[PDB]
Structures are given as C-alpha cells and as structure tokens.
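> I am sharing upload-v1.cif, which consists of mmCIF, C-alpha atoms; chains and numbers go by the auth columns:
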```
data_work
loop_
_atom_site.group_PDB
_atom_site.id
_atom_site.type_symbol
_atom_site.label_atom_id
_atom_site.label_comp_id
_atom_site.label_asym_id
_atom_site.label_seq_id
_atom_site.Cartn_x
_atom_site.Cartn_y
_atom_site.Cartn_z
_atom_site.B_iso_or_equiv
_atom_site.auth_seq_id
_atom_site.auth_asym_id
ATOM 1 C CA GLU A 1 -14.976 2.865 2.846 0.00 1 W
ATOM 2 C CA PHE A 2 -15.201 1.611 6.449 0.00 2 W
ATOM 3 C CA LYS A 3 -13.622 -1.807 7.029 0.00 3 W
ATOM 4 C CA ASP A 4 -12.554 -3.784 10.103 0.00 4 W
ATOM 5 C CA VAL A 5 -8.850 -4.651 9.991 0.00 5 W
ATOM 6 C CA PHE A 6 -7.950 -7.803 11.905 0.00 6 W
ATOM 7 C CA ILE A 7 -4.174 -8.207 12.039 0.00 7 W
ATOM 8 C CA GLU A 8 -3.248 -11.457 13.795 0.00 8 W
ATOM 9 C CA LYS A 9 0.369 -11.240 14.979 0.00 9 W
ATOM 10 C CA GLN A 10 2.702 -11.944 17.913 0.00 10 W
ATOM 11 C CA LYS A 11 3.683 -9.798 20.903 0.00 11 W
ATOM 12 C CA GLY A 12 6.438 -7.258 20.403 0.00 12 W
ATOM 13 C CA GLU A 13 5.404 -6.822 16.755 0.00 13 W
ATOM 14 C CA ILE A 14 3.271 -3.696 17.360 0.00 14 W
ATOM 15 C CA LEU A 15 1.816 -3.571 13.836 0.00 15 W
ATOM 16 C CA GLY A 16 4.259 -1.659 11.646 0.00 16 W
ATOM 17 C CA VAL A 17 2.480 1.533 10.538 0.00 17 W
ATOM 18 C CA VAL A 18 2.810 5.321 10.680 0.00 18 W
ATOM 19 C CA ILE A 19 -0.186 7.522 11.442 0.00 19 W
ATOM 20 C CA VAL A 20 -0.731 11.276 11.094 0.00 20 W
ATOM 21 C CA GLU A 21 -3.482 13.856 11.694 0.00 21 W
ATOM 22 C CA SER A 22 -6.351 13.522 9.199 0.00 22 W
ATOM 23 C CA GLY A 23 -5.895 16.830 7.363 0.00 23 W
ATOM 24 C CA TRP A 24 -8.147 15.651 4.506 0.00 24 W
ATOM 25 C CA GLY A 25 -11.758 16.870 4.129 0.00 25 W
ATOM 26 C CA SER A 26 -12.165 15.604 7.717 0.00 26 W
ATOM 27 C CA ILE A 27 -14.959 13.169 7.021 0.00 27 W
ATOM 28 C CA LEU A 28 -13.970 11.439 10.263 0.00 28 W
ATOM 29 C CA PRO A 29 -11.371 13.230 12.483 0.00 29 W
ATOM 30 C CA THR A 30 -8.908 10.353 12.998 0.00 30 W
ATOM 31 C CA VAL A 31 -5.358 9.300 12.019 0.00 31 W
ATOM 32 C CA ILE A 32 -4.150 8.631 8.462 0.00 32 W
ATOM 33 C CA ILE A 33 -1.769 5.817 7.549 0.00 33 W
ATOM 34 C CA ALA A 34 0.977 7.980 6.115 0.00 34 W
ATOM 35 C CA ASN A 35 3.551 5.168 6.258 0.00 35 W
ATOM 36 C CA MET A 36 3.993 1.434 6.856 0.00 36 W
ATOM 37 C CA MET A 37 6.839 -0.922 7.806 0.00 37 W
ATOM 38 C CA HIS A 38 5.988 -2.949 4.674 0.00 38 W
ATOM 39 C CA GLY A 39 6.928 -6.294 6.200 0.00 39 W
ATOM 40 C CA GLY A 40 5.436 -6.535 9.677 0.00 40 W
ATOM 41 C CA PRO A 41 1.887 -7.711 10.580 0.00 41 W
ATOM 42 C CA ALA A 42 0.400 -4.654 8.831 0.00 42 W
ATOM 43 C CA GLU A 43 1.806 -5.549 5.404 0.00 43 W
ATOM 44 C CA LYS A 44 1.785 -9.305 6.120 0.00 44 W
ATOM 45 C CA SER A 45 -2.010 -9.322 6.513 0.00 45 W
ATOM 46 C CA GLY A 46 -2.711 -6.918 3.651 0.00 46 W
ATOM 47 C CA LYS A 47 -5.682 -5.270 5.385 0.00 47 W
ATOM 48 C CA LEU A 48 -3.723 -2.200 6.527 0.00 48 W
ATOM 49 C CA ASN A 49 -2.541 -0.032 3.627 0.00 49 W
ATOM 50 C CA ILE A 50 -1.330 3.531 3.098 0.00 50 W
ATOM 51 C CA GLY A 51 -3.997 6.168 2.533 0.00 51 W
ATOM 52 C CA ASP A 52 -6.437 4.676 5.070 0.00 52 W
ATOM 53 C CA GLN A 53 -7.745 6.294 8.268 0.00 53 W
ATOM 54 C CA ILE A 54 -8.083 4.313 11.505 0.00 54 W
ATOM 55 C CA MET A 55 -11.257 5.239 13.406 0.00 55 W
ATOM 56 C CA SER A 56 -10.842 2.852 16.361 0.00 56 W
ATOM 57 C CA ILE A 57 -8.378 0.228 17.608 0.00 57 W
ATOM 58 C CA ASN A 58 -9.642 -2.674 19.750 0.00 58 W
ATOM 59 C CA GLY A 59 -12.506 -0.520 21.046 0.00 59 W
ATOM 60 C CA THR A 60 -10.381 2.617 21.513 0.00 60 W
ATOM 61 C CA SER A 61 -11.992 5.210 19.236 0.00 61 W
ATOM 62 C CA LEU A 62 -9.206 7.353 17.756 0.00 62 W
ATOM 63 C CA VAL A 63 -11.835 9.646 16.194 0.00 63 W
ATOM 64 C CA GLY A 64 -11.580 12.997 17.986 0.00 64 W
ATOM 65 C CA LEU A 65 -8.189 12.766 19.718 0.00 65 W
ATOM 66 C CA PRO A 66 -4.963 14.210 18.177 0.00 66 W
ATOM 67 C CA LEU A 67 -2.135 12.316 16.453 0.00 67 W
ATOM 68 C CA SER A 68 0.119 12.095 19.526 0.00 68 W
ATOM 69 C CA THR A 69 -2.721 10.472 21.474 0.00 69 W
ATOM 70 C CA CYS A 70 -3.679 8.166 18.569 0.00 70 W
ATOM 71 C CA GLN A 71 -0.075 6.956 18.239 0.00 71 W
ATOM 72 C CA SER A 72 0.053 6.188 21.972 0.00 72 W
ATOM 73 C CA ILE A 73 -3.244 4.283 21.645 0.00 73 W
ATOM 74 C CA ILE A 74 -1.838 1.849 19.078 0.00 74 W
ATOM 75 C CA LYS A 75 1.646 1.827 20.640 0.00 75 W
ATOM 76 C CA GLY A 76 -0.014 0.620 23.839 0.00 76 W
ATOM 77 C CA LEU A 77 -1.217 -2.612 22.220 0.00 77 W
ATOM 78 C CA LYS A 78 2.290 -3.614 21.123 0.00 78 W
ATOM 79 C CA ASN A 79 2.364 -6.911 23.049 0.00 79 W
ATOM 80 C CA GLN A 80 -0.875 -8.471 21.754 0.00 80 W
ATOM 81 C CA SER A 81 -1.800 -11.477 19.579 0.00 81 W
ATOM 82 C CA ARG A 82 -4.534 -9.720 17.559 0.00 82 W
ATOM 83 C CA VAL A 83 -4.890 -6.152 16.275 0.00 83 W
ATOM 84 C CA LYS A 84 -8.485 -5.044 15.668 0.00 84 W
ATOM 85 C CA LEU A 85 -8.849 -1.744 13.793 0.00 85 W
ATOM 86 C CA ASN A 86 -11.967 -0.227 12.286 0.00 86 W
ATOM 87 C CA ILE A 87 -10.491 1.922 9.526 0.00 87 W
ATOM 88 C CA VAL A 88 -11.765 3.551 6.335 0.00 88 W
ATOM 89 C CA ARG A 89 -9.886 2.232 3.299 0.00 89 W
ATOM 90 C CA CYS A 90 -9.314 5.016 0.766 0.00 90 W
ATOM 91 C CA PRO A 91 -6.563 3.585 -1.520 0.00 91 W
ATOM 92 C CA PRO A 92 -6.556 5.100 -5.065 0.00 92 W
ATOM 93 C CA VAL A 93 -6.521 2.161 -7.495 0.00 93 W
ATOM 94 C CA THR A 94 -5.296 2.804 -11.046 0.00 94 W
ATOM 95 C CA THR A 95 -6.036 0.456 -13.951 0.00 95 W
ATOM 96 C CA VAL A 96 -2.862 -0.215 -15.937 0.00 96 W
ATOM 97 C CA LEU A 97 -3.734 -1.202 -19.516 0.00 97 W
ATOM 98 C CA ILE A 98 -0.449 -2.202 -21.182 0.00 98 W
ATOM 99 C CA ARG A 99 -0.961 -3.582 -24.688 0.00 99 W
ATOM 100 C CA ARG A 100 1.788 -5.803 -26.121 0.00 100 W
ATOM 101 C CA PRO A 101 1.757 -6.697 -29.868 0.00 101 W
ATOM 102 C CA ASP A 102 4.647 -9.160 -29.456 0.00 102 W
ATOM 103 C CA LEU A 103 6.620 -10.890 -26.684 0.00 103 W
ATOM 104 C CA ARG A 104 9.730 -8.954 -27.790 0.00 104 W
ATOM 105 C CA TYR A 105 8.075 -5.605 -26.951 0.00 105 W
ATOM 106 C CA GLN A 106 9.115 -3.545 -23.918 0.00 106 W
ATOM 107 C CA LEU A 107 6.261 -2.255 -21.738 0.00 107 W
ATOM 108 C CA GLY A 108 8.265 0.705 -20.435 0.00 108 W
ATOM 109 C CA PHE A 109 8.578 0.450 -16.641 0.00 109 W
ATOM 110 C CA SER A 110 10.162 -1.407 -13.704 0.00 110 W
ATOM 111 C CA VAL A 111 8.329 -3.440 -11.054 0.00 111 W
ATOM 112 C CA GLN A 112 9.923 -4.239 -7.687 0.00 112 W
ATOM 113 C CA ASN A 113 7.806 -6.815 -5.824 0.00 113 W
ATOM 114 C CA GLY A 114 4.898 -4.445 -5.179 0.00 114 W
ATOM 115 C CA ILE A 115 6.109 -0.920 -6.052 0.00 115 W
ATOM 116 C CA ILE A 116 6.997 0.816 -9.328 0.00 116 W
ATOM 117 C CA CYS A 117 10.267 2.738 -9.748 0.00 117 W
ATOM 118 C CA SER A 118 11.219 3.098 -13.428 0.00 118 W
ATOM 119 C CA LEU A 119 8.860 4.254 -16.189 0.00 119 W
ATOM 120 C CA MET A 120 9.308 5.157 -19.865 0.00 120 W
ATOM 121 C CA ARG A 121 7.951 8.634 -20.650 0.00 121 W
ATOM 122 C CA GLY A 122 5.244 8.080 -23.257 0.00 122 W
ATOM 123 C CA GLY A 123 5.444 4.283 -23.210 0.00 123 W
ATOM 124 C CA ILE A 124 2.810 1.538 -23.056 0.00 124 W
ATOM 125 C CA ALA A 125 3.139 0.869 -19.318 0.00 125 W
ATOM 126 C CA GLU A 126 2.800 4.596 -18.593 0.00 126 W
ATOM 127 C CA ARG A 127 -0.046 4.995 -21.113 0.00 127 W
ATOM 128 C CA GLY A 128 -2.077 2.281 -19.388 0.00 128 W
ATOM 129 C CA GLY A 129 -1.914 3.420 -15.772 0.00 129 W
ATOM 130 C CA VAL A 130 1.379 2.400 -14.102 0.00 130 W
ATOM 131 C CA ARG A 131 3.034 5.303 -12.268 0.00 131 W
ATOM 132 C CA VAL A 132 6.275 5.783 -10.322 0.00 132 W
ATOM 133 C CA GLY A 133 5.320 5.540 -6.655 0.00 133 W
ATOM 134 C CA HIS A 134 2.224 3.338 -7.042 0.00 134 W
ATOM 135 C CA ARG A 135 1.878 -0.247 -5.802 0.00 135 W
ATOM 136 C CA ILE A 136 0.900 -2.858 -8.414 0.00 136 W
ATOM 137 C CA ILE A 137 -1.435 -5.476 -6.947 0.00 137 W
ATOM 138 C CA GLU A 138 -4.128 -7.327 -8.947 0.00 138 W
ATOM 139 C CA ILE A 139 -2.566 -8.000 -12.367 0.00 139 W
ATOM 140 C CA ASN A 140 -5.200 -9.666 -14.564 0.00 140 W
ATOM 141 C CA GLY A 141 -6.706 -11.283 -11.455 0.00 141 W
ATOM 142 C CA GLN A 142 -3.303 -12.241 -9.999 0.00 142 W
ATOM 143 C CA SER A 143 -2.260 -10.454 -6.803 0.00 143 W
ATOM 144 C CA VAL A 144 1.429 -9.624 -7.184 0.00 144 W
ATOM 145 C CA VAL A 145 1.467 -7.167 -4.247 0.00 145 W
ATOM 146 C CA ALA A 146 3.360 -9.812 -2.243 0.00 146 W
ATOM 147 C CA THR A 147 5.047 -11.392 -5.286 0.00 147 W
ATOM 148 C CA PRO A 148 8.780 -11.158 -6.264 0.00 148 W
ATOM 149 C CA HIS A 149 9.896 -8.586 -8.860 0.00 149 W
ATOM 150 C CA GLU A 150 11.137 -11.319 -11.231 0.00 150 W
ATOM 151 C CA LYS A 151 7.710 -12.996 -11.195 0.00 151 W
ATOM 152 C CA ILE A 152 5.765 -9.801 -11.988 0.00 152 W
ATOM 153 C CA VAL A 153 8.203 -8.921 -14.771 0.00 153 W
ATOM 154 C CA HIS A 154 7.696 -12.460 -16.138 0.00 154 W
ATOM 155 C CA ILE A 155 3.908 -12.122 -16.554 0.00 155 W
ATOM 156 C CA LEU A 156 4.241 -8.779 -18.294 0.00 156 W
ATOM 157 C CA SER A 157 7.192 -10.209 -20.259 0.00 157 W
ATOM 158 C CA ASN A 158 4.909 -12.984 -21.564 0.00 158 W
ATOM 159 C CA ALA A 159 1.507 -11.241 -21.328 0.00 159 W
ATOM 160 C CA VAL A 160 1.132 -10.305 -25.006 0.00 160 W
ATOM 161 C CA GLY A 161 -2.174 -8.647 -25.862 0.00 161 W
ATOM 162 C CA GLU A 162 -3.626 -6.325 -23.222 0.00 162 W
ATOM 163 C CA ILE A 163 -2.167 -6.399 -19.700 0.00 163 W
ATOM 164 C CA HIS A 164 -4.895 -5.245 -17.297 0.00 164 W
ATOM 165 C CA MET A 165 -3.848 -4.695 -13.674 0.00 165 W
ATOM 166 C CA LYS A 166 -4.638 -2.648 -10.572 0.00 166 W
ATOM 167 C CA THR A 167 -2.243 -0.414 -8.631 0.00 167 W
ATOM 168 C CA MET A 168 -2.587 0.876 -5.062 0.00 168 W
ATOM 169 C CA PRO A 169 -0.648 3.692 -3.287 0.00 169 W
ATOM 170 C CA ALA A 170 2.804 2.757 -1.935 0.00 170 W
ATOM 171 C CA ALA A 171 4.792 4.403 0.891 0.00 171 W
ATOM 172 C CA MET A 172 4.741 8.217 1.046 0.00 172 W
ATOM 173 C CA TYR A 173 7.589 9.882 -0.864 0.00 173 W
ATOM 174 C CA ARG A 174 9.442 12.525 1.169 0.00 174 W
ATOM 175 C CA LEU A 175 11.358 14.184 -1.717 0.00 175 W
ATOM 176 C CA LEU A 176 14.827 14.258 -0.083 0.00 176 W
ATOM 177 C CA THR A 177 14.525 15.648 3.468 0.00 177 W
ATOM 178 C CA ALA A 178 13.487 13.502 6.458 0.00 178 W
ATOM 179 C CA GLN A 179 16.064 10.700 6.697 0.00 179 W
ATOM 180 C CA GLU A 180 14.775 9.286 10.008 0.00 180 W
ATOM 181 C CA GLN A 181 11.770 6.941 9.963 0.00 181 W
ATOM 182 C CA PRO A 182 8.474 8.279 11.437 0.00 182 W
ATOM 183 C CA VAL A 183 6.818 6.867 14.577 0.00 183 W
ATOM 184 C CA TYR A 184 5.845 3.256 13.847 0.00 184 W
ATOM 185 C CA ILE A 185 2.917 1.909 15.880 0.00 185 W
#
```
Now that the file is in, can you turn its structure into structure tokens?


Amino acid sequence: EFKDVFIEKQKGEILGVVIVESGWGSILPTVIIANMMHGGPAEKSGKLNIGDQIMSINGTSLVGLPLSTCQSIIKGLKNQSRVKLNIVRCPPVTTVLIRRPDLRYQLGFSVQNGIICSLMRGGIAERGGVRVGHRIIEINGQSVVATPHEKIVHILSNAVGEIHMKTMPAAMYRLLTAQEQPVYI
C-alpha cells in the first residue's frame, strides 16, 4: 500500500537503507528495500521497513529508472534535514498466538529487541506465528519493535493466557555468502 515516508534526520545521515531492482510482479517498476541499517533515521522513524518499494524520493520519481540510478538518487540527498519518500509498504505481518497455561511454561523461542532467532520446533511460540527471521512488533497492542530483548521476554514470561502479537519482516538473510554490506543510501 502506497504511503509517504517522512524521515526527519540530520545531514550526513543519508537514511540507512539498501535498495534493489523490483523483481516482484512489477506492479510499479521501482527499488525494493532489501536491507536497512537498523539504527539510522530509517529505523529510528519506523516508516521505512524491509519489503517496501520506494516510488519517489523528494520529488525524484524512482519508478522507471534502474537500481544504480535509484541508489544515486537517494545517495544524493545525504546531507539533508528531511527525507520524503513515497513508497509502497508491503511488509508481511504474522499473528503470533502463543497460549500459556501457567507462568512456568516456556513459549519456545528467543526474542532479540525486534527480531527472532531461536524457536522450538513444534512449540507454542512456533505454533502461533513467530518465525526465525521475522520482526516482532505489536505484541497485544504494545510495540516492542524498538524495545529491549529483556522487556519483550518479560511480557511473554508473564503473559499467561493467549499472547497475541504481530511480526514484520526483518533484514534479508544471505545464507552464508556475501560478507560485505550492500550499498546503503
């Protein structure tokens, strides 16, 4: 879904995101957010997330031009105070329903601030929706996307009953190859 992304930041803080050629169905030939610094103005704001395609940046329509050109477009506005980007947010949100009969019951997973790493095969956390690679966000109405790992674990540790949360897509997993970080605009 189309959505204007206003990232208010300082000069020399580009934005902190990685874009690639939209190889999807090609609904709108633009660049896809294949990666993100996860700390800079992009993550700080929360508007820019992985799995979204930027159509235009501050008037510069990326729709039509290749990736190399698109990257240069954003890279150009590195020393600005505001980053305007009309992008289409397409982040797959999974509903994690983790039922807990008692407080001494283990959900079966590990949460690290905003991303999931560990997961028990055939557990409650896995049964609900949680998946290794996702990005937990709205847990029972509480946004933990920018919350410490200890805090998130606490809620679930004392959330007996039926833990209902949402999970977005985290950074792209590159199996093993590709040690160097991609172009960050």

> What does the distance from atom CA of residue W:103 to atom CA of residue W:144 come to in Å, to one decimal?

20.2 Å

> Could you write out as an NGL selection string the residues that the PyMOL selection byres ((chain W and resi 170) around 6) matches in the shown file?

:W and (134-135 or 169 or 171)

> One number please: atom CA of residue W:65 to atom CA of residue W:30, in Å, one decimal.

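These two atoms are separated by 7.2 Å.
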
> For the structure provided, state which residues fall under the PyMOL selection byres ((chain W and resi 11-18) around 12), and present them as a VMD selection string.

chain W and resid 5 to 10 19 to 21 31 to 54 57 67 to 68 70 to 85 171 to 172 181 to 185

> Just give me the gap between atom CA of residue W:147 and atom CA of residue W:113 in Å, one decimal is fine.

5.4 Å

> I need the residue nearest residue W:86 from this list: W:4, W:155, W:165, W:125. Use only C-alpha atoms for the distance.

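Ranked by minimum distance to residue W:86, first place goes to W:4.
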